[PDB]
Amino acid sequence: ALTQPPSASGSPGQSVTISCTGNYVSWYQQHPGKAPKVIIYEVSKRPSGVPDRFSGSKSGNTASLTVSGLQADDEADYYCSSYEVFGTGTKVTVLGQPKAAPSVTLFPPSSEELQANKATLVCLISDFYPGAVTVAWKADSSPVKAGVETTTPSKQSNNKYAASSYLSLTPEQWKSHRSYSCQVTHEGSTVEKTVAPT
Amino acid sequence: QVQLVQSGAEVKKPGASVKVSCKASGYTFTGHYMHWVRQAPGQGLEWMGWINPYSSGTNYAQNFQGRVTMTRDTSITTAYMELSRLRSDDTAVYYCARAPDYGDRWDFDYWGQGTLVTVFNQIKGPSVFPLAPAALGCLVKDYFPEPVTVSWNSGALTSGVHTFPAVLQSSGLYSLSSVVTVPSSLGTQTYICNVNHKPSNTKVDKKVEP
């Protein structure tokens with residue numbers, strides 16, 4: 001019941017703001033391959049060991065977590081929790097390397113796959129920094145949630161990130177809908193790739 | 001000092017049961033609640049339930065009621081959480097966290113190192129379908145387990161080949177896509193993708209053309 005922005009980033013020394021729309025509010029910092037740690041509790045209070053550069057606030061139905069003077073250690077996942085409900089999460093990056101726009105390539109289901117009563121939309125994203133995207137499949141303008149399987153960004157051989165998203169569809173619904181789109185958002189930068197049957 | 005050391009990594013099968021321990025020391029074991037939270041690889045945190053170490057009373061989550069059991073041991077100050085009817089979608093890292101005090105019971109000030117569970121199941125020969133273009137590739141769908149080696153023209157082409165990481169589907173099977181970049185040249189050069197999966201002994205070559 002808690003919604004967070006998919007991505008948020010800033011250069012070393014900048015500041016970023018992470019929203020949490022849904023009482024008290026608490027935030028967690030989780031480095032990759034590590035357990036979550038409390039950094040914010042009771043709206044804006046901080047535990048011991050958390051530097052003063054971390055701060056929080058709440059105004060209405062949304063609470064914000066702001067980190068000032070960004071450091072390399074701040075590059076991690078952040079979640080907001082209300083009692084037991086956890087948020088979607090936000091990926092923070094200290095813009096370590098120059099920014100790069102994602103490259104999107106969408107493939108329609110193959111003829112051989114359709115003969116086996118199967119269909120899969122392969123959307124491929126590569127060469128994007130920071131490593132955080134927002135893939136939302138569109139079926140004639142209406143988003144579809146079922147059958148969506150999206151990976152998480154992983155380091156490439158050029159310090160950038162790569163990911164892949166798949167939309168499993170049946171042959172009947174693939175032919176019925178006019179077209180499908182793979183819209184990916186990279187910190188407010190949405191690029192849409194659309195494919196159509198035949 | 002407060003420590004929470006859990007059990008080692010476990011591998012189970014669909015329908016099996018796994019028990020995870022949580023060794024507690026350096027604090028009043030029965031004075032602070034113990035909570036269990038799981039997180040799938042690449043997903044968010046999901047609260048499962050809390051158990052009072054004093055009265056052994058539990059309050060499970062709605063989506064886990066009738067499937068998870070949480071116990072505690074006073075003599076060895078260890079909390080336990082056993083989950084039955086494991087599925088391929090239950091692969092997650094499970095952490096045990098401590099309520100900071102009596103009044104505050106949700107700001108978990110201490111977390112365990114985690115216990116990775118790996119619900120394991122059906123192997124399967126991968127299904128290869130060409131991706132006609134420009135860029136052309138092949139779709140390795142419904143295979144298990146990792147990894148799969150994908151080449152082009154028996155290794156003749158290696159520039160522009162991008163083997164994207166596989167996706168952990170809800171069915172427990174991985175799906176990987178490898179594509180190449182071509183000048184498009186499509187009618188002259190022939191492209192064949194060689195996928196080899198040693199665990200299932202499946203090697204199929206598929207030619208991709210527009």
# chains A, B, ... in the order shown; residues from 1 in each chain; ligands from 1

$ interface_residues --of "chain B" --to "chain A" --cutoff "8 Å" --atoms "only C-alpha atoms" --output "list in words"
residues 42, 44, 45, 46, 47, 95, 106, 107, 108, 109, 110, 111, 112, 113, 114, 129, 130, 131, 132, 133, 164, 165, 166, 167, 168, 169 and 177 of chain B

$ write_last_selection --atoms "N, CA, C and O atoms" --output "mmCIF file, in the first residue's frame"
data_model
loop_
_atom_site.group_PDB
_atom_site.id
_atom_site.type_symbol
_atom_site.label_atom_id
_atom_site.label_comp_id
_atom_site.auth_asym_id
_atom_site.auth_seq_id
_atom_site.Cartn_x
_atom_site.Cartn_y
_atom_site.Cartn_z
ATOM 1 N N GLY B 42 15.689 -9.721 -6.233
ATOM 2 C CA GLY B 42 15.231 -8.635 -7.072
ATOM 3 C C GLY B 42 13.875 -8.071 -6.716
ATOM 4 O O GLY B 42 13.360 -7.227 -7.457
ATOM 5 N N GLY B 44 10.996 -6.823 -3.307
ATOM 6 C CA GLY B 44 10.989 -6.067 -2.073
ATOM 7 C C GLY B 44 10.755 -6.935 -0.849
ATOM 8 O O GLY B 44 10.533 -8.142 -0.928
ATOM 9 N N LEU B 45 10.812 -6.286 0.311
ATOM 10 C CA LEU B 45 10.595 -6.977 1.574
ATOM 11 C C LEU B 45 9.120 -7.323 1.751
ATOM 12 O O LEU B 45 8.228 -6.613 1.278
ATOM 13 N N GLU B 46 8.869 -8.433 2.444
ATOM 14 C CA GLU B 46 7.509 -8.912 2.686
ATOM 15 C C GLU B 46 7.433 -9.462 4.103
ATOM 16 O O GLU B 46 8.059 -10.481 4.411
ATOM 17 N N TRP B 47 6.668 -8.788 4.959
ATOM 18 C CA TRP B 47 6.502 -9.231 6.336
ATOM 19 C C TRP B 47 5.710 -10.531 6.387
ATOM 20 O O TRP B 47 4.710 -10.698 5.683
ATOM 21 N N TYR B 95 15.113 -13.220 6.708
ATOM 22 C CA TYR B 95 15.813 -12.556 7.798
ATOM 23 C C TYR B 95 14.937 -12.546 9.042
ATOM 24 O O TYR B 95 13.716 -12.385 8.949
ATOM 25 N N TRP B 106 8.183 -2.372 15.615
ATOM 26 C CA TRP B 106 8.288 -2.474 14.167
ATOM 27 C C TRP B 106 9.537 -1.831 13.582
ATOM 28 O O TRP B 106 9.816 -2.048 12.397
ATOM 29 N N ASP B 107 10.292 -1.051 14.357
ATOM 30 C CA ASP B 107 11.552 -0.473 13.885
ATOM 31 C C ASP B 107 12.677 -1.441 14.240
ATOM 32 O O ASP B 107 13.357 -1.318 15.261
ATOM 33 N N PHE B 108 12.877 -2.417 13.358
ATOM 34 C CA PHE B 108 13.777 -3.541 13.614
ATOM 35 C C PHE B 108 15.216 -3.044 13.666
ATOM 36 O O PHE B 108 15.834 -2.775 12.635
ATOM 37 N N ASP B 109 15.766 -2.948 14.877
ATOM 38 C CA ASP B 109 17.105 -2.405 15.067
ATOM 39 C C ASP B 109 18.211 -3.435 14.870
ATOM 40 O O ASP B 109 19.387 -3.052 14.834
ATOM 41 N N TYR B 110 17.877 -4.717 14.742
ATOM 42 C CA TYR B 110 18.871 -5.752 14.505
ATOM 43 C C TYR B 110 18.320 -6.769 13.519
ATOM 44 O O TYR B 110 17.171 -7.201 13.637
ATOM 45 N N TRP B 111 19.150 -7.150 12.549
ATOM 46 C CA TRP B 111 18.770 -8.090 11.506
ATOM 47 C C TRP B 111 19.790 -9.216 11.432
ATOM 48 O O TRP B 111 20.975 -9.023 11.717
ATOM 49 N N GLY B 112 19.315 -10.400 11.047
ATOM 50 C CA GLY B 112 20.200 -11.525 10.843
ATOM 51 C C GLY B 112 20.897 -11.472 9.496
ATOM 52 O O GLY B 112 20.564 -10.678 8.618
ATOM 53 N N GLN B 113 21.892 -12.348 9.339
ATOM 54 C CA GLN B 113 22.640 -12.403 8.089
ATOM 55 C C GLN B 113 21.830 -12.998 6.945
ATOM 56 O O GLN B 113 22.238 -12.867 5.786
ATOM 57 N N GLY B 114 20.710 -13.640 7.236
ATOM 58 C CA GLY B 114 19.846 -14.176 6.205
ATOM 59 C C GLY B 114 20.103 -15.647 5.943
ATOM 60 O O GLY B 114 21.213 -16.161 6.127
ATOM 61 N N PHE B 129 13.538 -20.323 -30.165
ATOM 62 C CA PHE B 129 12.754 -19.749 -31.246
ATOM 63 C C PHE B 129 13.525 -18.577 -31.841
ATOM 64 O O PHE B 129 14.034 -17.725 -31.091
ATOM 65 N N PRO B 130 13.640 -18.494 -33.165
ATOM 66 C CA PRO B 130 14.392 -17.389 -33.770
ATOM 67 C C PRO B 130 13.682 -16.058 -33.591
ATOM 68 O O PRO B 130 12.460 -15.988 -33.450
ATOM 69 N N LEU B 131 14.473 -14.987 -33.594
ATOM 70 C CA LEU B 131 13.973 -13.618 -33.479
ATOM 71 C C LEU B 131 14.329 -12.891 -34.773
ATOM 72 O O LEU B 131 15.435 -12.364 -34.917
ATOM 73 N N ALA B 132 13.388 -12.871 -35.712
ATOM 74 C CA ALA B 132 13.635 -12.236 -36.997
ATOM 75 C C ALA B 132 13.747 -10.722 -36.828
ATOM 76 O O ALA B 132 13.027 -10.130 -36.016
ATOM 77 N N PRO B 133 14.641 -10.063 -37.581
ATOM 78 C CA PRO B 133 14.807 -8.607 -37.518
ATOM 79 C C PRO B 133 13.678 -7.856 -38.219
ATOM 80 O O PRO B 133 13.947 -7.126 -39.172
ATOM 81 N N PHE B 164 21.637 -11.478 -22.574
ATOM 82 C CA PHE B 164 20.950 -10.864 -21.450
ATOM 83 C C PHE B 164 20.711 -11.888 -20.341
ATOM 84 O O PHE B 164 20.486 -13.070 -20.613
ATOM 85 N N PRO B 165 20.769 -11.459 -19.081
ATOM 86 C CA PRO B 165 20.508 -12.387 -17.974
ATOM 87 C C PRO B 165 19.087 -12.928 -18.025
ATOM 88 O O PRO B 165 18.153 -12.251 -18.460
ATOM 89 N N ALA B 166 18.934 -14.170 -17.573
ATOM 90 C CA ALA B 166 17.637 -14.823 -17.595
ATOM 91 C C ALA B 166 16.715 -14.238 -16.529
ATOM 92 O O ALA B 166 17.149 -13.574 -15.584
ATOM 93 N N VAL B 167 15.420 -14.500 -16.692
ATOM 94 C CA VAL B 167 14.385 -14.015 -15.786
ATOM 95 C C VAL B 167 13.822 -15.202 -15.017
ATOM 96 O O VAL B 167 13.543 -16.256 -15.601
ATOM 97 N N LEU B 168 13.674 -15.038 -13.705
ATOM 98 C CA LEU B 168 13.070 -16.066 -12.864
ATOM 99 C C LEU B 168 11.556 -15.930 -12.967
ATOM 100 O O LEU B 168 10.942 -15.118 -12.273
ATOM 101 N N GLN B 169 10.950 -16.728 -13.844
ATOM 102 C CA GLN B 169 9.517 -16.651 -14.069
ATOM 103 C C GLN B 169 8.753 -17.168 -12.850
ATOM 104 O O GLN B 169 9.312 -17.790 -11.943
ATOM 105 N N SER B 177 17.595 -14.316 -23.450
ATOM 106 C CA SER B 177 17.605 -13.853 -24.832
ATOM 107 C C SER B 177 18.993 -13.347 -25.186
ATOM 108 O O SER B 177 19.579 -12.555 -24.441
#

$ select_by_dssp --residues "stretch 3-120 of chain A" --states "helix (DSSP H, G or I)" --output "list in words"
residues 72, 73, 74, 111, 112, 113, 114 and 115 of chain A

$ write_last_selection --atoms "C-alpha atoms" --output "PDB file, in the first residue's frame"
ATOM      1  CA  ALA A  72      29.369   6.263  -2.879  1.00  0.00           C
ATOM      2  CA  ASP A  73      28.033   4.270   0.088  1.00  0.00           C
ATOM      3  CA  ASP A  74      24.581   5.794  -0.491  1.00  0.00           C
ATOM      4  CA  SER A 111       6.236 -17.790 -36.139  1.00  0.00           C
ATOM      5  CA  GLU A 112       7.679 -21.014 -34.708  1.00  0.00           C
ATOM      6  CA  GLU A 113       6.569 -20.067 -31.188  1.00  0.00           C
ATOM      7  CA  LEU A 114       3.044 -19.260 -32.402  1.00  0.00           C
ATOM      8  CA  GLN A 115       2.766 -22.758 -33.891  1.00  0.00           C
TER       9      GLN A 115
END

$ residues_around --residues "residue B:20" --least-positions-apart "4" --cutoff "6 Å" --atoms "only C-alpha atoms" --output "VMD selection string"
chain B and resid 7 80 to 81

$ select_by_dssp --residues "stretch 68-164 of chain B" --states "strand (DSSP E or B)" --output "PyMOL selection string"
chain B and resi 68-73+78-83+93-98+110-111+115-117+124+127-131+135-144+149-152+162-163

$ closest_atom_pairs --of "stretch 114-140 of chain B" --to "stretch 182-198 of chain B" --cutoff "12 Å" --atoms "only C-alpha atoms" --output "Markdown table"
| residue | atom | partner | partner_atom | distance |
| --- | --- | --- | --- | --- |
| B:123 | CA | B:197 | CA | 10.4 |
| B:124 | CA | B:197 | CA | 9.4 |
| B:125 | CA | B:197 | CA | 7.5 |
| B:126 | CA | B:197 | CA | 7.6 |
| B:127 | CA | B:195 | CA | 9.6 |
| B:128 | CA | B:195 | CA | 7.9 |
| B:129 | CA | B:193 | CA | 9.7 |
| B:130 | CA | B:193 | CA | 8.4 |
| B:131 | CA | B:193 | CA | 10.4 |
| B:132 | CA | B:186 | CA | 10.2 |
| B:133 | CA | B:186 | CA | 8.9 |
| B:134 | CA | B:184 | CA | 5.7 |
| B:135 | CA | B:182 | CA | 6.1 |
| B:136 | CA | B:182 | CA | 7.8 |
| B:137 | CA | B:193 | CA | 7.7 |
| B:138 | CA | B:193 | CA | 6.7 |
| B:139 | CA | B:193 | CA | 9.7 |
| B:140 | CA | B:195 | CA | 7.9 |

$ residues_around --residues "stretch 187-196 of chain A" --least-positions-apart "5" --cutoff "9 Å" --atoms "only C-alpha atoms" --output "list in words"
residues 5, 6, 7, 8, 9, 101, 102, 104, 105, 106, 107, 108, 123, 130, 132, 133, 134, 138, 174, 175, 177, 178, 179, 180, 181 and 182 of chain A

$ atom_distance --atom1 "atom CA of residue A:29" --atom2 "atom CA of residue A:14"
18.1 Å

$ closest_residue --among "A:97, A:21, A:49, A:139" --to "residue A:64" --atoms "only C-alpha atoms"
A:21
